[PDB]
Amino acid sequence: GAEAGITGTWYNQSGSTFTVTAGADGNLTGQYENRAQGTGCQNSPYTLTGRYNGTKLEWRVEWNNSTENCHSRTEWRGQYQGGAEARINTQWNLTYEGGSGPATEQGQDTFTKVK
């Protein structure tokens, strides 16, 4: 089914990569390696969990593992682009402990699939 188009390795404009397995059941499971300069929790793999349906994808990475804890998480909501160079256009929300309660940052990531 469609899951074939998603499963593999992707990268964004910041050099972050993720490896995902997309299940025919809609499940998204993988590992994310963050390389956005200046941000915490770079390099080491963090678990990705998400879902997809039609052209729409969403996934979550909680930025705590055995090597670094950034007291934050990011949720991406995206849409798939088809062939030649497959693409996922996303908007993300990063929720973190701000000092007087949770805070959120927003941004956009474009992922391109590794050939």
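Quick note: we count residues from 1 along the sequence shown, nothing fancier.
Legend: mean Cα B-factor per stretch from the PDB entry, 79 to 87 versus 61 to 69; the higher mean is in 79 to 87.
Compared with the other modelled residues of the chain, the Cα B-factor recorded for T7 ranks in the middle third. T95: CA B factor in the lowest third of modelled residues in this chain (values from the PDB entry). Sorting the modelled residues of the chain by their CA temperature factor places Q108 in the lowest third.
Looking at the C-alpha B-factors along this chain, the one for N34 belongs to the lowest third.
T47: CA B factor lies in the middle third for its chain, per the PDB record.
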